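S.K.: pasting the sequence and an experimental structure:
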Amino acid sequence: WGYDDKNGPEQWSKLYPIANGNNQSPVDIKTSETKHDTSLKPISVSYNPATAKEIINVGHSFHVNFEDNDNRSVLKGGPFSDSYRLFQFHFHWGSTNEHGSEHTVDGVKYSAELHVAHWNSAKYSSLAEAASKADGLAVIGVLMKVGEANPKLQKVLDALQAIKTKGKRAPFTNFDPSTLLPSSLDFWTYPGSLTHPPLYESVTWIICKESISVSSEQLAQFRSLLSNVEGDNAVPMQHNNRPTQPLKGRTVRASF
Amino acid sequence: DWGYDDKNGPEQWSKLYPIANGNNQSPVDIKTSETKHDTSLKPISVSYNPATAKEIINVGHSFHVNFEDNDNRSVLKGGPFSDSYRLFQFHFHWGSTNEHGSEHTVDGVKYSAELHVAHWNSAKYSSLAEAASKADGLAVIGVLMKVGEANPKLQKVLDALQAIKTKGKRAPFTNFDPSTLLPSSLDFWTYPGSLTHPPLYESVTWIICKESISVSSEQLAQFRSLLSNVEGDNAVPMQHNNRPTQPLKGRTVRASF
Ligand SMILES: [O][B]1([O])O[C][C]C2=[C][C]=[C][C]=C21
Ligand SMILES: [O][B]1([O])O[C][C]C2=[C][C]=[C][C]=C21
Ligand code: NA
Ligand SMILES: [Zn+2]
Ligand SMILES: [Zn+2]
């Protein structure tokens, strides 16, 4: 699977029939159809920068992984009773500034999207166990709007020259990704899925109402990553965003 | 104005620069069966002062490394020249794939990239501006670059590119001797030709090295990740900047070897 014409989102259903499921992500958030929910607590993130481990080129994207052996780095509050343990963050982007986000708001496409992903360590003992469970994953999505350079992205962008080609990985330490989140954590939540294979319907989404910035040139740094292995013909990672999927009667709730 | 796109690319240059259809246009294919050995060709000697290195700049279609050219600290002599020529710049050309990015070809074989090391005649002229339109004004060493092992001599140049990502950005670039980029052997071909992009002046004595240098697939990708756009506009990678070979129109390619 990938994002090419032949292996791309429109074709994922042949290998992963859940792609046509009732809880697929991302979605278009229509603000006229959201339900304000008075029981939603504020989101609480508490991340320890010592849990930052490694950055990896996974061919379609890059991942920044965290040590997830204990509760040093946790998400709480919002719609959750359980504590969720941070394991990774990554981005999605598009071939031009016009699109690149996965979630849209009232049909508006942003230039990129940050996913901060967590697993339910109250109910499950590993990511592997949690990743297929309806209540297994909690993911913060942050819409990235093209504009001013975002200096919080700096350590991340500076690391990419060490993982230019598929499979390269390097230590990535002493970093607290709550520094990438917007000032307001007002949010939408809905029950959904991973946005690429295996597309498990295991994600409670937390979509920030406030965007964060990214420059045209910062997005070019993402797009200059290579999907090919070292020594092969360079194939830039031009995009990795999935189109929005049908709500199929799910309700998007607002904290605000 | 002019570029390497279908709209404004080399096949369209003759509209704005009629000399593009001239008798001394570059690059050319070197057919080794038709080269003539000329006993009058001395060895090339380059003596470059690494304190003449000045600035690296994104020029929209390419990037240039510029040298102070106020005196003759950094000079090319020998080969077909009586005069010393003063170093002013080096730059590269590359292609959209590893299969064809050089400008000059040898027996029809296209290399992955090409280095140009450019010099102006400071014996006869007082400035680059004066020298540039003159038949005897410029001397340019071309080196063919063959995709394979990473070339560590390219390191300081490729490390500098993050400071000049968009059109018009520039940064200091100091203490560099570009003779470190040349092959070990300086056996060469020479022919009278032109600048390979506008304004296409027929002012260049070409020195094409017989020996190639290395470059990796990832090093070429670093060139292609430079942006042709100005800061703040949608990123447009510099995918290629190599002109096709032009007719010899009776010129002779002479061999030093
Ligand atoms: O974009 B993704 O497929 O859905 C969001 C959650 C997640 C977590 C880790 C890797 C990938 C994904
Ligand atoms: O590729 B070019 O147009 O012909 C080579 C010589 C030269 C020198 C400086 C800038 C450009 C060029
Ligand atoms: Na000789
Ligand atoms: Zn994601
Ligand atoms: Zn050139």
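M.R.: Thanks, I have the structure now. Numbers count the residues shown, from 1 in each chain, chains lettered A, B, ... in the order given. Ligands and ions are numbered 1, 2, ... in the order given.

S.K.: now do the strands in the stretch 151-256 of chain A.
M.R.: A:169-171, A:187-192, A:203-208, A:212-214, A:253-254 (DSSP state E, counting those that start in this stretch).

S.K.: dump these into JSON lines; add mean neighbour count and distance to ligand 1 as well.
M.R.: Bear in mind the C-beta positions are built from the backbone N, C-alpha and C, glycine included. Formatted as JSON lines, the strands of the stretch 151-256 of chain A follow (neighbours: other CB atoms under 10 Å in any protein chain shown; distance: least, CB to the nearest ligand atom, whole Å):
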{"stretch": "strand A:169-171", "mean neighbour count": "14", "distance to ligand 1": "15"}
{"stretch": "strand A:187-192", "mean neighbour count": "23", "distance to ligand 1": "9"}
{"stretch": "strand A:203-208", "mean neighbour count": "24", "distance to ligand 1": "6"}
{"stretch": "strand A:212-214", "mean neighbour count": "21", "distance to ligand 1": "17"}
{"stretch": "strand A:253-254", "mean neighbour count": "18", "distance to ligand 1": "19"}
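
S.K.: how about the residues of the stretch 51-200 of chain A by ligand 1?
M.R.: Within the stretch 51-200 of chain A, the positions lying close to ligand 1 (CB under 6 Å from any ligand atom) are A:88, A:90, A:115, A:117, A:139, A:194-196.

S.K.: list just the nearest of those to ligand 2.
M.R.: residue A:90 (40.8 Å; CB to the nearest ligand atom).

S.K.: mind checking the SS state of the closest one?
M.R.: strand (DSSP: H, G, I helix; E, B strand; the rest coil).

S.K.: buried among the residues of the stretch 51-200 of chain A next to ligand 1? Make that a ChimeraX selection.
M.R.: Filtering these down to the buried ones (16 or more other CB atoms under 10 Å in any protein chain shown) takes a single ChimeraX command:
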select /A:88,90,115,117,139,194,195,196
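
S.K.: for stretch A:54-63, how far is the first residue from the last?
M.R.: End-to-end distance of stretch A:54-63: 8 Å, with CA to CA, to the nearest Å as the criterion.

S.K.: buried stuff in stretch A:121-136?
M.R.: In stretch A:121-136, counting by 16+ other CB under 10 Å, buried: A:121, A:124, A:127, A:130-131, A:135-136.

S.K.: chain neighbours aside, what residue packs nearest to residue A:196?
M.R.: Residue nearest to residue A:196 in three dimensions, not counting chain neighbours: residue A:242, with 6.5 Å by CB to CB, 6 or more residues apart in numbering or on different chains.

S.K.: how about the contacts made by the one you found?
M.R.: Applying CB atoms under 8 Å, 6 or more residues apart in numbering or on different chains, one finds that residue A:242 lies in contact with A:9, A:25-26, A:92, A:102, A:195-196.

S.K.: got CSV for those, with distance to residue A:254 too?
M.R.: Listed next are the contacts of residue A:242 as CSV, based on distance: CB to CB, whole Å:
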residue, distance to residue A:254
A:9, 27
A:25, 17
A:26, 17
A:92, 23
A:102, 19
A:195, 21
A:196, 27
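
S.K.: just among those residues, which is most surrounded?
M.R.: Counting neighbours by other CB atoms under 10 Å in any protein chain shown, residue A:102 comes out on top of the contacts of residue A:242 with 27 neighbours.

S.K.: residues in contact with residue A:244?
M.R.: Contact analysis of residue A:244 by CB under 8 Å, 6+ apart lists A:26-28, A:102-104.

S.K.: just to revisit the earlier point, residue A:54: which of the strands of the stretch 151-256 of chain A is closest?
M.R.: Residue A:54 sits nearest to strand A:169-171 of all the strands of the stretch 151-256 of chain A, at 5.6 Å, using CB to CB.

S.K.: what packs against that closest one?
M.R.: strand A:52-57 (3 or more CB pairs under 8 Å, 6 or more residues apart in numbering or on different chains; DSSP states H and E).

S.K.: partner strands of the strand it packs on and their direction?
M.R.: Here strand A:52-57 has these sheet partners by DSSP bridges: strand A:62-66 (antiparallel), strand A:169-171 (antiparallel).

S.K.: for chain B, what's its nearest residue on the stretch 51-200 of chain A.
M.R.: residue A:97 (4.9 Å; CB to the nearest CB).

S.K.: let me know whether that residue touches residue A:111 as I believe.
M.R.: Yes: using CB atoms under 8 Å, residue A:97 is in contact with residue A:111, at 4.9 Å.

S.K.: so between those two, which is more surrounded?
M.R.: When residue A:97 is set against residue A:111 and neighbours are counted by other CB under 10 Å, the residue ahead is residue A:111, at 26 against 21.

S.K.: so the more buried one touches residue A:102, yeah?
M.R.: No: at 11.8 Å, residue A:111 and residue A:102 do not qualify as touching, with contact defined as CB under 8 Å.

S.K.: closest to ligand 5 out of the strands of the stretch 151-256 of chain A?
M.R.: strand A:212-214 (34.3 Å; CB to the ion).

S.K.: do any residues in the closest one lie close to chain B?
M.R.: No: on the criterion CB under 8 Å from any CB of the partner chain, strand A:212-214 is out of touch with chain B, staying 11.6 Å away.

S.K.: ok, residues contacting that strand?
M.R.: Strand A:212-214 is contacted by residues A:111-112, A:114, A:142-150, A:152-153, A:180-182 when judged by CB under 8 Å, 6+ apart.

S.K.: residues near residue A:103, how many?
M.R.: 25.

S.K.: then residue A:39?
M.R.: 7.

S.K.: before we move on, back to that, out of the strands paired with strand A:52-57, which comes closest to ligand 2?
M.R.: Between those, strand A:62-66 lies closest to ligand 2; by CB to the nearest ligand atom that is 35.7 Å.

S.K.: counting by contacts, list what the next helix or strand after that closest one packs against.
M.R.: Following strand A:62-66 in sequence order, the next helix or strand is strand A:74-77 (DSSP states H and E). Secondary-structure packing of strand A:74-77 (3+ CB pairs under 8 Å, 6+ apart): strand A:43-46, strand A:84-93, strand A:112-120.

S.K.: any idea which of these gets closest to residue A:165?
M.R.: Of the helices and strands packed on strand A:74-77, nearest to residue A:165 by CB to CB is strand A:84-93, at 17.2 Å.

S.K.: parallel or antiparallel, which strands does that closest one pair with?
M.R.: strand A:62-66 (antiparallel), strand A:74-77 (antiparallel), strand A:112-120 (antiparallel).
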